[PDB]
$ cat my_file03.txt   # compact mmCIF, C-alpha atoms
# COMPACT_ATOMS: atom_id res chain seq x y z
CA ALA K 1 56.19 123.17 179.70
CA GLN K 2 56.27 121.55 176.21
CA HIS K 3 52.87 123.06 175.24
CA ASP K 4 49.77 124.57 176.91
CA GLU K 5 49.58 121.79 179.54
CA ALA K 6 47.43 124.08 181.77
CA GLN K 7 44.54 121.57 181.88
CA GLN K 8 46.88 118.67 182.76
CA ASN K 9 48.86 120.58 185.43
CA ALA K 10 45.67 121.96 187.04
CA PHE K 11 44.10 118.46 187.07
CA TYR K 12 47.22 116.88 188.65
CA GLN K 13 47.43 119.62 191.32
CA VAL K 14 43.69 119.33 192.18
CA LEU K 15 44.12 115.53 192.55
CA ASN K 16 47.19 116.07 194.80
CA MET K 17 45.35 118.11 197.46
CA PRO K 18 46.25 116.10 200.62
CA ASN K 19 44.16 118.23 203.03
CA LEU K 20 40.97 118.03 200.92
CA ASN K 21 38.66 115.02 201.18
CA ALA K 22 37.48 113.17 198.05
CA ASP K 23 34.17 115.05 197.51
CA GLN K 24 35.89 118.48 197.43
CA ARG K 25 38.75 117.62 195.03
CA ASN K 26 36.29 115.61 192.86
CA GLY K 27 34.03 118.71 192.87
CA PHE K 28 36.94 120.79 191.52
CA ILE K 29 37.77 118.09 188.90
CA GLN K 30 34.16 118.29 187.60
CA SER K 31 34.43 122.12 187.70
CA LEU K 32 37.63 121.85 185.57
CA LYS K 33 35.91 119.53 183.03
CA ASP K 34 32.82 121.80 182.90
CA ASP K 35 34.82 125.08 182.74
CA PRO K 36 38.12 124.23 180.93
CA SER K 37 38.94 127.92 180.29
CA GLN K 38 38.64 128.49 184.09
CA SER K 39 41.25 125.84 185.09
CA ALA K 40 43.29 128.66 186.72
CA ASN K 41 40.30 129.76 188.85
CA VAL K 42 39.37 126.15 189.76
CA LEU K 43 43.02 125.49 190.75
CA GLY K 44 43.06 128.71 192.84
CA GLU K 45 39.84 127.71 194.69
CA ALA K 46 41.11 124.14 195.24
CA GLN K 47 44.49 125.32 196.60
CA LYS K 48 42.82 127.94 198.84
CA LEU K 49 40.39 125.32 200.22
CA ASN K 50 43.26 122.81 200.74
CA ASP K 51 45.25 125.54 202.56
CA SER K 52 42.30 126.57 204.79
CA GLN K 53 41.63 122.88 205.66
CA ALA K 54 45.35 122.29 206.50
CA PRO K 55 45.90 120.46 209.85
CA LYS K 56 48.93 122.59 210.81

$ encode --input "my_file03.txt" --output "structure tokens"
Amino acid sequence: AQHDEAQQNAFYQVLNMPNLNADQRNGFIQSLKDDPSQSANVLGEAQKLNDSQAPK
């Protein structure tokens, strides 16, 4: 929305991964920063990891 806020939205989502512990989500944040074009991939990986580590 508004513009290409892909970076922002991906960053916010990766932060708000309640099942991930700090090191993992921080890892994905650094991956986002390093690979800005790959924010979609980084987000995908983060969400998949969060899902797999879900308590149930």

$ atom_distance --input "my_file03.txt" --atom1 "CA of residue 51 in chain K" --atom2 "CA of residue 39 in chain K"
17.9 Å

$ atom_distance --input "my_file03.txt" --atom1 "CA of residue 27 in chain K" --atom2 "CA of residue 6 in chain K"
18.2 Å

$ atom_distance --input "my_file03.txt" --atom1 "CA of residue 49 in chain K" --atom2 "CA of residue 5 in chain K"
22.9 Å

$ residues_around --input "my_file03.txt" --residues "range 12-18 of chain K" --least-positions-apart "2" --cutoff "8 Å" --atoms "all atoms listed in the file" --output "list in words"
residues 8, 9, 10, 20, 21, 25, 26, 28, 29, 43, 46, 47 and 50 of chain K

$ closest_residue --input "my_file03.txt" --among "K:24, K:48, K:19, K:41" --to "residue 7 in chain K" --atoms "only C-alpha atoms"
K:41

$ build_atoms --input "my_file03.txt" --residues "range 30-48 of chain K" --atoms "N, CA and C atoms" --output "PDB file, in the frame of the given file"
ATOM      1  N   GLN K  30      35.354 118.077 188.414  1.00  0.00           N
ATOM      2  CA  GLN K  30      34.160 118.290 187.600  1.00  0.00           C
ATOM      3  C   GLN K  30      34.037 119.749 187.168  1.00  0.00           C
ATOM      4  N   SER K  31      34.406 120.699 188.040  1.00  0.00           N
ATOM      5  CA  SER K  31      34.430 122.120 187.700  1.00  0.00           C
ATOM      6  C   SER K  31      35.432 122.392 186.570  1.00  0.00           C
ATOM      7  N   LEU K  32      36.604 121.742 186.601  1.00  0.00           N
ATOM      8  CA  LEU K  32      37.630 121.850 185.570  1.00  0.00           C
ATOM      9  C   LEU K  32      37.053 121.369 184.235  1.00  0.00           C
ATOM     10  N   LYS K  33      36.523 120.138 184.212  1.00  0.00           N
ATOM     11  CA  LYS K  33      35.910 119.530 183.030  1.00  0.00           C
ATOM     12  C   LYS K  33      34.824 120.439 182.445  1.00  0.00           C
ATOM     13  N   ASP K  34      33.934 120.954 183.301  1.00  0.00           N
ATOM     14  CA  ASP K  34      32.820 121.800 182.900  1.00  0.00           C
ATOM     15  C   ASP K  34      33.306 123.155 182.363  1.00  0.00           C
ATOM     16  N   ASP K  35      34.299 123.756 183.030  1.00  0.00           N
ATOM     17  CA  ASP K  35      34.820 125.080 182.740  1.00  0.00           C
ATOM     18  C   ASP K  35      36.324 124.987 182.444  1.00  0.00           C
ATOM     19  N   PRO K  36      36.720 124.479 181.263  1.00  0.00           N
ATOM     20  CA  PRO K  36      38.120 124.230 180.930  1.00  0.00           C
ATOM     21  C   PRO K  36      38.920 125.529 180.852  1.00  0.00           C
ATOM     22  N   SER K  37      38.318 126.605 180.336  1.00  0.00           N
ATOM     23  CA  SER K  37      38.940 127.920 180.290  1.00  0.00           C
ATOM     24  C   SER K  37      39.268 128.443 181.697  1.00  0.00           C
ATOM     25  N   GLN K  38      38.506 128.018 182.717  1.00  0.00           N
ATOM     26  CA  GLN K  38      38.640 128.490 184.090  1.00  0.00           C
ATOM     27  C   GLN K  38      39.467 127.536 184.952  1.00  0.00           C
ATOM     28  N   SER K  39      40.363 126.738 184.353  1.00  0.00           N
ATOM     29  CA  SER K  39      41.250 125.840 185.090  1.00  0.00           C
ATOM     30  C   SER K  39      42.078 126.594 186.138  1.00  0.00           C
ATOM     31  N   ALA K  40      42.537 127.808 185.809  1.00  0.00           N
ATOM     32  CA  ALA K  40      43.290 128.660 186.720  1.00  0.00           C
ATOM     33  C   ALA K  40      42.465 129.012 187.962  1.00  0.00           C
ATOM     34  N   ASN K  41      41.205 129.420 187.766  1.00  0.00           N
ATOM     35  CA  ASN K  41      40.300 129.760 188.850  1.00  0.00           C
ATOM     36  C   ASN K  41      40.024 128.534 189.724  1.00  0.00           C
ATOM     37  N   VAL K  42      39.638 127.417 189.097  1.00  0.00           N
ATOM     38  CA  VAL K  42      39.370 126.150 189.760  1.00  0.00           C
ATOM     39  C   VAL K  42      40.564 125.715 190.615  1.00  0.00           C
ATOM     40  N   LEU K  43      41.775 125.790 190.050  1.00  0.00           N
ATOM     41  CA  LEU K  43      43.020 125.490 190.750  1.00  0.00           C
ATOM     42  C   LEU K  43      43.187 126.409 191.962  1.00  0.00           C
ATOM     43  N   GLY K  44      42.972 127.718 191.780  1.00  0.00           N
ATOM     44  CA  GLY K  44      43.060 128.710 192.840  1.00  0.00           C
ATOM     45  C   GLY K  44      42.134 128.357 194.013  1.00  0.00           C
ATOM     46  N   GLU K  45      40.856 128.095 193.715  1.00  0.00           N
ATOM     47  CA  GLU K  45      39.840 127.710 194.690  1.00  0.00           C
ATOM     48  C   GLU K  45      40.254 126.437 195.428  1.00  0.00           C
ATOM     49  N   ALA K  46      40.686 125.412 194.684  1.00  0.00           N
ATOM     50  CA  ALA K  46      41.110 124.140 195.240  1.00  0.00           C
ATOM     51  C   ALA K  46      42.286 124.311 196.204  1.00  0.00           C
ATOM     52  N   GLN K  47      43.305 125.074 195.794  1.00  0.00           N
ATOM     53  CA  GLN K  47      44.490 125.320 196.600  1.00  0.00           C
ATOM     54  C   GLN K  47      44.139 126.115 197.858  1.00  0.00           C
ATOM     55  N   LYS K  48      43.277 127.130 197.726  1.00  0.00           N
ATOM     56  CA  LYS K  48      42.820 127.940 198.840  1.00  0.00           C
ATOM     57  C   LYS K  48      42.054 127.077 199.852  1.00  0.00           C
TER      58      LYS K  48
END
